[PDB]
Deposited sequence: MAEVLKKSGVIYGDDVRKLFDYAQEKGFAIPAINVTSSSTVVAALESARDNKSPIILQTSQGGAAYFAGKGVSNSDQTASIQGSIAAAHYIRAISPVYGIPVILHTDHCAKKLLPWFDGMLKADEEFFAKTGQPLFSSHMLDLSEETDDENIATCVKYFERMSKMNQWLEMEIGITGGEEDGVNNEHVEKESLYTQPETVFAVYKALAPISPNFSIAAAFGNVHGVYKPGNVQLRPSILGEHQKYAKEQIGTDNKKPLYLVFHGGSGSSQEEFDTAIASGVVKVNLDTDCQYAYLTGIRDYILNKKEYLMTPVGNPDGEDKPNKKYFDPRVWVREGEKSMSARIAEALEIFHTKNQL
């Protein structure tokens, strides 16, 4: 199953489960990087290559709509649909040159955003019939606001449709129902019971104090999810569930270690990467002031041109470098560094 470590580009099907299985066997998680442009995609691909690590690229509903541009009407999810498709084609085309396995993912999709999910699945199915692979490696459903029965049932419908393409499905379950502030292991296993007969290519993001009153992070309950599933399945697998860590910003190295030791394979990163991307472009035109105010600028008088300095290939690059540095911090924390 270690054949995925030598794969180049976006992986699909059993290769996604092989990567997550290798993550569970070796005891590391992969950061899931929210991307909104070709520049943020490159920052993530470069960081994972320079650290010899796999990476997960994901577009949120707003991030995918940004790939299409805010000028596109998103009232019918059209911008999110067309933008995620366009982002998928870009990532599929450029990731092989970085020589790392890449999981192409989509982020939270609530019940109201299901037209976005339906549109992506439609493009996935058209691409699968042509090439034998879908566009995205995986999709995420966030029906945590709905009842646990309706959330799981709707997940069942889509997973039946996605399993035709061997597509991975991530689902989120909360504390809705149908302590009381954390998803109980019985509820998490109810997700496994409904999805496992369809396909093993699914992951679960449960509520365990990861706010995204003051509920503290309870990473120990993740190990309870695995022990409960293992006892109900009847196997020697200590980590039968693929768990996801949403909203991990601010957690200590100890909380991440216990979560990864409980079978967490994926840790979402968004806001922290957005700020890092800004600081590089922030530090550029700040320390290069009056070099960009006009096409006149400095060092001398009006005789000097500013084309060398306002070139977007120069200063947007500074945002990529600082974003890649922040992702490298996560690769070290999650032990993803130097796993390929």
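Stretches of the deposited sequence absent from the structure, as judged by C-alpha coordinates, are 179-190, 225-229.
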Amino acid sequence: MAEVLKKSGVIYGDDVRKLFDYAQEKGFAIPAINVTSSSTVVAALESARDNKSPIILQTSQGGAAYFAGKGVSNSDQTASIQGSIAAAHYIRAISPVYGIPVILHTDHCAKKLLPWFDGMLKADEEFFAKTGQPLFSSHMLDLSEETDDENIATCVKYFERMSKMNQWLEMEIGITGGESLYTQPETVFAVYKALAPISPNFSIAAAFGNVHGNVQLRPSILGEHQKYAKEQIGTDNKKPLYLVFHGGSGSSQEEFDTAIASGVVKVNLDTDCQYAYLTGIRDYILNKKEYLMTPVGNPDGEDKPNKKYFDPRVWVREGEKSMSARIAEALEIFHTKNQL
From here on, numbers count along this sequence of modelled residues.
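When the two stretches 78-86 and 223-231 are set side by side, the higher mean Cα temperature factor goes to 223-231.
Averaged over CA atoms, B-factors in the entry run higher in 313-321 than in the other of 313-321 and 10-18. The entry lists C-alpha B-factors for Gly119, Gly213, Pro197, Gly263, and the highest of these is at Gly213. Comparing C-alpha B-factors across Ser38, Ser60, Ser53, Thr294 in the deposited entry, the largest value falls on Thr294. Among the modelled residues of the chain, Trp168 sits in the lowest third by CA temperature factor in this PDB entry. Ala68: CA B factor in the middle third of modelled residues in this chain (values from the PDB entry). Per the deposited record, the Cα B-factor of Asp107 falls in the lowest third when ranked against the other modelled residues of its chain. In this PDB entry, the Cα temperature factor of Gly250 sits in the top third of its chain's modelled residues, the highest group. Ranked by Cα temperature factor within the chain, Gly27 sits in the middle third according to the deposited record.
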